[PDB]
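K.L.:
I'd like to ask you about the structure that follows.
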Amino acid sequence: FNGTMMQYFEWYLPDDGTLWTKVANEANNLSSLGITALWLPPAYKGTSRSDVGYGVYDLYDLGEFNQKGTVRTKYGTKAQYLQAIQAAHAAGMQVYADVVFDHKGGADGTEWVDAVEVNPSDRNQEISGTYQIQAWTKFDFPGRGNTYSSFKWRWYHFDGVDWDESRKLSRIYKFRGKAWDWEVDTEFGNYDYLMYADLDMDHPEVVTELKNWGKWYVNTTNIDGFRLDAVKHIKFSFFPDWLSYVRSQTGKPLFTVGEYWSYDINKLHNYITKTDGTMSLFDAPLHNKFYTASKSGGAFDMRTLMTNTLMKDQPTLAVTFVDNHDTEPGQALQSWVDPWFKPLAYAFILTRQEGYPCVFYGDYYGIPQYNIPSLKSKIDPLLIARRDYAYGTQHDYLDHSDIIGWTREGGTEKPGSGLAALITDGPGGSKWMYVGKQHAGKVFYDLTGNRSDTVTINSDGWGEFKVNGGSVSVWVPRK
Ligand SMILES: [Ca+2]
Ligand SMILES: [Ca+2]
Ligand SMILES: [Ca+2]
Ligand SMILES: [Cl-]
Ligand SMILES: [Cl-]
Ligand code: NA
Ligand code: NA
Ligand code: NA
């Protein structure tokens, strides 16, 4: 069985505290379609009840303590979260928990700190003299007390902040005596700083505490791996060290995927080198390819669709996806793949042998905030393709600027498997492709239902497969 991840949230979910309940309720249904892992949103207390979770306040509050004006998180209570994870496990699915280590917001109090303004466009360039600011850096967690952890956060655990409370100024403030961490991404000179209070990953108390929390969190929740937020903004050598610790101390392999958001493939290869292949990365450049192709009116050269992507260059470390909560309309990385192209992108990541694909909750269930209907009826037949048919040796036909395809011969121990896929960003047509001599004489049909004709395999193992305009067909053998 192929591995298939699902990102189990989107940005515009209502703040109604039901998501963990939905996970428990939907787990069996999802697993039956071949989903094997769920990436859950940050599950700990944010700056308010409605925070999506990246505005992390208290890593140890899983919707259990009366903090930031609520007990539950946006998603539910600690008990509902633990129950969600158990339900996924009963359905035979693994759970990857979102980990937010870049910054910390909603401090309980301020501290007076000598600081300097740096340029948002070049954080290596100081643009003021030293002056004293009132920074939101004091974290005491009075709702939790010392349950689980007695560790308190102060100014010196952070490299800087984005707000002076005394003069009410928005600036990127670097604390005097602190430096931006290295290595990090070099966009804007040094991209360590992102929002709220930025963690100083060179501080030993910070490193020890996050290790402490990592081990506690795995043991407490029974999760199976991690989605790491904002890794280009976090010292590169920190995560290999952290993961080695948490993996050894818990005795779990803890699959981990990092969000290194860049469309520059060489930046991703750099990160993977600097982290010794300890984690996979989201294939952001392939997301860009799908976005671009969807908007190009047929003019995109489909022969290039996976050129300079992680799916091509480093397939065992790629988590492939069509869209996520940041690429949704109105969001920070907005780059939304139009619905006409979306099933083709889904077929590309679901039926090919390269990479670990990830289905987006917002695509699957729809996004009511923008009146975006569910694509479940177009995605399900592709999940079935992956679950039952996408096995064995692949042959590639990325050989025409509209119509591209590939085949899977089927696996010697998954009887009935085998497929031939075609997608086109332009007019439809046909393509001869090799599915395997062993399929000579078999009749193949289009599992998507987009086409009603059939394709019979010739005595050499070749079939003349077909696809409609602007569409996808996934041809599989009759039983
Ligand atoms: Ca630092
Ligand atoms: Ca940072
Ligand atoms: Ca084209
Ligand atoms: Cl200068
Ligand atoms: Cl410095
Ligand atoms: Na510089
Ligand atoms: Na930092
Ligand atoms: Na992020």
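Each chain in the structure tokens gets a letter, A, B, ..., in the order shown, and its residues are numbered from 1; ligands are numbered from 1 in order too.
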List as a list in words the protein and nucleic acid residues lying within 6 Å of ligand 7, with only C-alpha atoms and all ligand atoms counted.
P.N.:
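Result of the 6 Å neighbour search around ligand 7: residues 159, 180, 181, 192, 198, 199, 200 and 201 of chain A.
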K.L.:
What's around residue 435 (chain A) at 6 Å? Count only C-alpha atoms, leave out sequence neighbours fewer than 5 positions away in its own chain, and write the answer as a list in words.
P.N.:
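Once the adjacent positions are removed, what remains is residues 407, 409 and 461 of chain A.
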K.L.:
Within 9 Å of region 416-424 of chain A, counting only C-alpha atoms, which residues qualify if same-chain residues fewer than 5 places away don't, as a PyMOL selection string?
P.N.:
chain A and resi 298+302+341+344-345+347-348+351+385+388-392+401-411+429-431+433-436+439+444+463+465-479
K.L.:
Given only C-alpha atoms and all ligand atoms as the basis, pick out the residue of A:448, A:307, A:394, A:296 nearest to ligand 3.
P.N.:
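Of A:448, A:307, A:394, A:296, the one nearest ligand 3, counting only C-alpha atoms and all ligand atoms, is A:296.
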K.L.:
Please identify every polymer residue within 8 Å of ligand 4, using only C-alpha atoms and all ligand atoms, and present the set as a compact mmCIF listing (two decimals) with C-alpha atoms, in the first residue's frame.
P.N.:
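Final output, saved to result_13.txt:
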```txt
# COMPACT_ATOMS: atom_id res chain seq x y z
CA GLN A 125 21.40 46.50 8.03
CA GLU A 126 20.73 48.50 11.25
CA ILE A 127 18.51 51.53 10.53
```
K.L.:
Find the residues of chain A that sit at most 12 Å from ligand 1; for each, write down the nearest two atoms and how far apart they are in Å, to one decimal. Count only C-alpha atoms and all ligand atoms. Sort by chain, then by number going up, and give it as CSV.
P.N.:
```
residue,atom,partner,partner_atom_place_in_ligand_line,distance
A:102,CA,ligand 1,1 (Ca),11.6
A:155,CA,ligand 1,1 (Ca),11.9
A:156,CA,ligand 1,1 (Ca),9.7
A:157,CA,ligand 1,1 (Ca),8.8
A:158,CA,ligand 1,1 (Ca),7.3
A:159,CA,ligand 1,1 (Ca),5.1
A:160,CA,ligand 1,1 (Ca),8.8
A:174,CA,ligand 1,1 (Ca),9.4
A:175,CA,ligand 1,1 (Ca),9.4
A:176,CA,ligand 1,1 (Ca),10.7
A:177,CA,ligand 1,1 (Ca),9.1
A:178,CA,ligand 1,1 (Ca),5.5
A:179,CA,ligand 1,1 (Ca),4.5
A:180,CA,ligand 1,1 (Ca),4.5
A:181,CA,ligand 1,1 (Ca),4.2
A:182,CA,ligand 1,1 (Ca),7.7
A:183,CA,ligand 1,1 (Ca),10.4
A:184,CA,ligand 1,1 (Ca),10.8
A:190,CA,ligand 1,1 (Ca),11.3
A:191,CA,ligand 1,1 (Ca),11.9
A:192,CA,ligand 1,1 (Ca),8.5
A:193,CA,ligand 1,1 (Ca),9.8
A:197,CA,ligand 1,1 (Ca),11.9
A:198,CA,ligand 1,1 (Ca),8.8
A:199,CA,ligand 1,1 (Ca),7.5
A:200,CA,ligand 1,1 (Ca),4.2
A:201,CA,ligand 1,1 (Ca),5.8
A:202,CA,ligand 1,1 (Ca),5.2
A:203,CA,ligand 1,1 (Ca),7.1
A:204,CA,ligand 1,1 (Ca),10.7
A:206,CA,ligand 1,1 (Ca),10.7
A:207,CA,ligand 1,1 (Ca),11.6
A:233,CA,ligand 1,1 (Ca),11.5
A:234,CA,ligand 1,1 (Ca),9.9
A:235,CA,ligand 1,1 (Ca),8.7
A:238,CA,ligand 1,1 (Ca),11.8
```
K.L.:
Quick one: write out the picked residues with N, CA, C and O atoms as a short mmCIF file (atom, residue, chain, number, x, y, z; two decimals), in the first residue's frame?
P.N.:
```
data_model
loop_
_atom_site.label_atom_id
_atom_site.label_comp_id
_atom_site.auth_asym_id
_atom_site.auth_seq_id
_atom_site.Cartn_x
_atom_site.Cartn_y
_atom_site.Cartn_z
N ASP A 102 9.44 28.87 15.44
CA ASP A 102 10.08 30.11 14.95
C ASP A 102 9.98 31.31 15.92
O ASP A 102 10.94 32.08 16.10
N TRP A 155 13.10 37.94 27.76
CA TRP A 155 13.74 38.62 26.61
C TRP A 155 14.94 37.88 26.03
O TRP A 155 15.09 37.82 24.80
N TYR A 156 15.79 37.32 26.89
CA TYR A 156 17.06 36.75 26.45
C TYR A 156 16.92 35.38 25.78
O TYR A 156 17.91 34.81 25.32
N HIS A 157 15.68 34.86 25.72
CA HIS A 157 15.45 33.67 24.91
C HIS A 157 15.15 34.01 23.44
O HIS A 157 15.01 33.10 22.60
N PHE A 158 15.07 35.32 23.13
CA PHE A 158 14.63 35.80 21.83
C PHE A 158 15.72 36.66 21.17
O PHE A 158 16.50 37.31 21.86
N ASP A 159 15.75 36.69 19.84
CA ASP A 159 16.67 37.59 19.14
C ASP A 159 16.05 38.96 18.93
O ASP A 159 16.77 39.96 18.79
N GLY A 160 14.73 39.04 18.90
CA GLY A 160 14.07 40.34 18.75
C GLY A 160 12.57 40.20 18.61
O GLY A 160 12.06 39.10 18.80
N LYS A 174 16.09 44.19 16.66
CA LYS A 174 17.08 43.19 17.06
C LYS A 174 17.61 43.60 18.45
O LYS A 174 18.10 44.71 18.61
N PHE A 175 17.54 42.70 19.44
CA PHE A 175 17.99 43.04 20.79
C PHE A 175 19.52 43.20 20.81
O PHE A 175 20.22 42.44 20.18
N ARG A 176 20.02 44.19 21.57
CA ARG A 176 21.47 44.43 21.60
C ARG A 176 22.16 43.25 22.26
O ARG A 176 21.67 42.73 23.27
N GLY A 177 23.27 42.81 21.70
CA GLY A 177 23.94 41.62 22.21
C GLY A 177 23.44 40.35 21.55
O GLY A 177 24.12 39.33 21.64
N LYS A 178 22.30 40.43 20.83
CA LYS A 178 21.76 39.27 20.07
C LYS A 178 22.07 39.42 18.59
O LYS A 178 22.19 40.55 18.10
N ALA A 179 22.22 38.31 17.90
CA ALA A 179 22.45 38.31 16.47
C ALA A 179 21.40 37.39 15.85
O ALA A 179 21.01 36.37 16.47
N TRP A 180 21.01 37.72 14.63
CA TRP A 180 20.22 36.77 13.84
C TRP A 180 20.95 35.44 13.72
O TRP A 180 22.16 35.39 13.45
N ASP A 181 20.21 34.34 13.88
CA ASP A 181 20.81 33.00 13.81
C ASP A 181 21.36 32.69 12.43
O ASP A 181 20.98 33.33 11.42
N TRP A 182 22.28 31.73 12.36
CA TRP A 182 22.92 31.35 11.12
C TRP A 182 23.22 29.84 11.21
O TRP A 182 23.59 29.39 12.29
N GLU A 183 23.02 29.04 10.14
CA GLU A 183 22.50 29.45 8.82
C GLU A 183 20.97 29.53 8.77
O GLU A 183 20.26 28.70 9.39
N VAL A 184 20.47 30.54 8.05
CA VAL A 184 19.06 30.65 7.68
C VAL A 184 18.99 31.09 6.22
O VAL A 184 20.01 31.33 5.55
N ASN A 190 18.99 38.25 5.88
CA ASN A 190 18.90 37.18 6.84
C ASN A 190 17.43 37.06 7.20
O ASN A 190 16.82 37.99 7.75
N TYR A 191 16.83 35.92 6.87
CA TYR A 191 15.36 35.75 7.09
C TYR A 191 15.03 35.04 8.41
O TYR A 191 13.93 34.47 8.57
N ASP A 192 15.93 35.11 9.39
CA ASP A 192 15.63 34.59 10.72
C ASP A 192 14.34 35.18 11.25
O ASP A 192 13.44 34.42 11.73
N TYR A 193 14.22 36.51 11.21
CA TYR A 193 13.10 37.17 11.85
C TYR A 193 11.81 37.00 11.00
O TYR A 193 11.84 37.30 9.80
N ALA A 197 7.77 37.37 18.91
CA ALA A 197 9.09 37.34 19.52
C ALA A 197 9.87 36.20 18.87
O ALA A 197 9.41 35.07 18.90
N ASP A 198 11.01 36.50 18.24
CA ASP A 198 11.75 35.51 17.46
C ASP A 198 12.67 34.71 18.32
O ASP A 198 13.47 35.30 19.05
N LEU A 199 12.62 33.38 18.21
CA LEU A 199 13.41 32.55 19.15
C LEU A 199 14.88 32.62 18.81
O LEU A 199 15.27 32.58 17.63
N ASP A 200 15.72 32.74 19.85
CA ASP A 200 17.17 32.74 19.64
C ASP A 200 17.63 31.31 19.71
O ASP A 200 17.81 30.77 20.83
N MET A 201 17.81 30.66 18.56
CA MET A 201 18.16 29.23 18.55
C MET A 201 19.61 29.01 18.98
O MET A 201 20.06 27.88 19.06
N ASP A 202 20.36 30.07 19.23
CA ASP A 202 21.73 29.86 19.72
C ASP A 202 21.73 29.87 21.25
O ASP A 202 22.75 29.55 21.86
N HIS A 203 20.60 30.21 21.88
CA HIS A 203 20.54 30.19 23.35
C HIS A 203 20.38 28.76 23.91
O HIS A 203 19.43 28.05 23.55
N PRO A 204 21.30 28.32 24.80
CA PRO A 204 21.22 26.89 25.22
C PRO A 204 19.94 26.54 26.00
O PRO A 204 19.45 25.42 25.89
N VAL A 206 16.98 27.70 25.42
CA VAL A 206 15.98 27.51 24.38
C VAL A 206 16.12 26.11 23.76
O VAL A 206 15.14 25.41 23.61
N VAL A 207 17.34 25.71 23.42
CA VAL A 207 17.54 24.45 22.78
C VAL A 207 17.09 23.32 23.73
O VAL A 207 16.37 22.40 23.33
N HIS A 233 13.37 29.99 8.34
CA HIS A 233 13.45 31.09 9.31
C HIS A 233 14.09 30.59 10.63
O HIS A 233 14.12 31.31 11.63
N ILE A 234 14.51 29.33 10.63
CA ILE A 234 15.06 28.69 11.82
C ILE A 234 16.45 28.15 11.52
O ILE A 234 16.67 27.45 10.51
N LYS A 235 17.40 28.43 12.41
CA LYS A 235 18.78 27.92 12.24
C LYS A 235 18.81 26.50 11.70
O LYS A 235 18.20 25.61 12.30
N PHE A 238 19.77 23.40 13.89
CA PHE A 238 18.95 23.08 15.05
C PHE A 238 18.11 21.82 14.88
O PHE A 238 18.03 21.00 15.79
#
```
K.L.:
Return as a count of residues only the full set of residues in region 167-279 of chain A whose backbone-based DSSP assignment is strand (DSSP E).
P.N.:
18
